[PDB]
């Protein structure tokens, strides 16, 4: 149940079960280091999980493999399956050993494109560059887990479907985990781990800007994996004591109501998360991964700025959400 054990089992060559957010796909995947995969591992997967056995790859390894996305644009789920994979010690490629062998060719250290062919019976998945920092899928989660084991960022994953024929949910996954001696994890638990044990954000440049509220200092930040720009509007020296803080994600209702505006003034640090696009005003008007993503970026920004005790302009968070950072940074959470 603990991220550090999950990494240790993956290094050890064992499997691990990984759950995503219950308001995402809400599924459990067996997860093993693709480098340590063995025939009997594929056989366990197709037998007691009976989902699609898939092979999570990095974008680098896909380029090294000359292996693109099989579909690019779809319509008006989100999942990057690839052209199917086969090796060339293969007859049909659907046997457990041969499938294992197909994985071996793909994730070999110095693999070439001619070590592999398409189509096949192994189904590679291309993680996004920054991994579970941005997309909280099993694809990114299998890779980033294997990376933490010091292995090739490659994992083999298979959905766990109940004997009933429906998708095993947390209840059924916990039983299955203990029935077979496997530990379990939340990729959201992996987000917060990565945010706690890694320098994920780097500062870019400082500026001074003149606003109707006053003068602010702009710290422009960038996070590994993604070209987005996170901001911090600072007044004063947040190392000067308690700092009045808002971590801030856009929500197209400023144009009508007023929260960010009513937040610019009680600055008399404001964080801002970059996203590749900001929703337009019209459309329609948990996500624990998106929460730990947000406040993890917001937390590394405030730590880099020297924040040590905060006056939050947010409604209360998840309870221990801010654990892993400077101290218990919150003494007073705001009203309206």
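Positions refer to the first chain, counted from 1.
How many missing residues of the deposited sequence lie between residue 278 and residue 279 in the entry, grouped as none, 1 to 3, 4 to 9, or 10 or more? Gap between residue 278 and residue 279: none, chain continuous.
Which class describes the count of deposited residues lacking coordinates between residue 268 and residue 269: none, 1 to 3, 4 to 9, or 10 or more? Gap between residue 268 and residue 269: 10 or more unmodelled residues.
Out of 255 to 263 and 90 to 98, which one has CA B-factors that are higher on average in the deposited record? Per the PDB record, 255 to 263.
Look over 14 to 22 and 314 to 322 in the entry and identify the one with the greater average Cα temperature factor. Comparing 14 to 22 with 314 to 322, the higher average CA B-factor belongs to 314 to 322.
Between 246, 235, 162, 135, which one tops the list for C-alpha B-factor in the PDB entry? Among 246, 235, 162, 135, the PDB entry lists the largest C-alpha B-factor for 235.
Among 125, 111, 145, 117, single out the one with the highest C-alpha B factor in the record, please. Each of 125, 111, 145, 117 was compared by C-alpha B-factor; the highest is 111.
Among the modelled residues of its chain, does the C-alpha B-factor of residue 284 lie in the lowest, middle or highest third? For residue 284, whose C-alpha B-factor we compare with every modelled residue in the chain, the answer is the highest third.
Based on the entry's values, in what third of the chain does the Cα temperature factor of residue 214 lie: lowest, middle or highest? Top third by C-alpha B-factor.
Where does residue 149 sit by CA temperature factor within its chain: lowest, middle or highest third? It falls in the middle third of the chain.
Relative to the other modelled residues in the chain, which third contains the C-alpha temperature factor of residue 176: lowest, middle or highest? Middle third of the chain for residue 176's C-alpha B-factor.
Assigned third (lowest, middle, highest) for the C-alpha B factor of residue 240: As the PDB entry reports it, the C-alpha B-factor of residue 240 lands in the highest third of its chain.
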